[PDB]
Structure formats: C-alpha cells, structure tokens
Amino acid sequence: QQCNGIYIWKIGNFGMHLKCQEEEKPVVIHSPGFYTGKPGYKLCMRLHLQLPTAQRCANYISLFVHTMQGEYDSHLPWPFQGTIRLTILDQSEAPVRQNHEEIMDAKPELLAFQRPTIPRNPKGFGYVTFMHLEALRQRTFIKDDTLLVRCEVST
C-alpha cells in the first residue's frame, strides 16, 4: 500500500473571489487543517489572490503551507522533513490533462517546519507566484465555479 498523505481542497464560489480581487480587496482563504496520516502532521494551505496592483506579484495566485498543532504531535519527528507536491488540478477532458504544480523539499532550518507554539504557525512555506490568474483562462481549471487544489506530503 502507498503511504503519502493527500488532501483535496475544493474552493467554491471562485467567481466571487475573483470579483473581490478585481475590486482591489484582499482575498485570503485557508484549507481546513488536515492530517498527513495517523499519526501524522496537521497542516493547512493558504491561498492568496494578489491584488491587480501588487508590483512584485500582481494578479498571481499565491499558495503556502503551514504546520499546525496536531493531536499526534507527540508521536512525530521534528522539525518536519519531506517533500510536498502542490497542484492546481485541470478539470477539463481527460484526453490530455495538464495540471499546474510545483514540488518543494522542506528545509528543516526554517521555523516554518517546526511545531508552532500557537494553533497555526505564523511562518508559512510556499510560492508567492504559484500561478498567474491569466492561466485560468487557458484551461478548464475552474469547473462549476470551483477550483481544486491538491497537496501530497511524503515524509
């Protein structure tokens, strides 16, 4: 059997988030906290739609990962080590599917990978420029006004 922890984050009412971003208002949403297994780490994803006017990163989807205090923390090694695959799923025809993803190795020297002293680690690890919003107009990433984000963790 396989052993990686995988979470599928469904972000509904996406059109509403886009309108908000275009109105130059912050758009920050988090996935529910999820476990990489049992025992496993409790993590959550953070998605930001950068403002149309953000200079370093205008009109980008930012995607980060945060460690959280989990119920199995006493039975896990720390700091966290492993790889995390972040993917925005193509929901078009299966004939040929091109997901948009990045794979990142954890860096144990960063406090983002230690256990937080509060529910959610203030420090997160990820990509400010994960995917440009214009990319959503090139493939059916949005279906039934929903975006699908996948997170696979390999410890």
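Numbering starts at 1 and runs along the sequence shown. Definition used throughout: the rigid core is the maximal C-alpha set that superposes within 1.5 Å between two forms.
Between 86 to 94 and 61 to 69, the larger mean CA deviation from the shown form in 5 other deposited structures of this protein, after core superposition, belongs to 86 to 94. Once the structures in 5 other deposited structures of this protein are superposed via the core, the pair 51 to 59 and 126 to 134 is resolved in favour of 51 to 59 as the more displaced stretch (C-alpha RMS). On average the C-alpha atoms of 139 to 147 have higher B-factors than those of the other stretch, with 139 to 147 and 20 to 28 being the two compared. For the segment pair 50 to 58 and 124 to 132, the entry gives 50 to 58 the higher mean B-factor, averaged over Cα atoms.
Of the candidates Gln98, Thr67, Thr87, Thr36, the deposited coordinates give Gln98 the top C-alpha B factor.
Looking at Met104, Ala112, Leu63, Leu43, the one whose CA carries the top B-factor in the deposited record is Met104. In the PDB entry, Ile8 places in the lowest third of its chain by CA B-factor.
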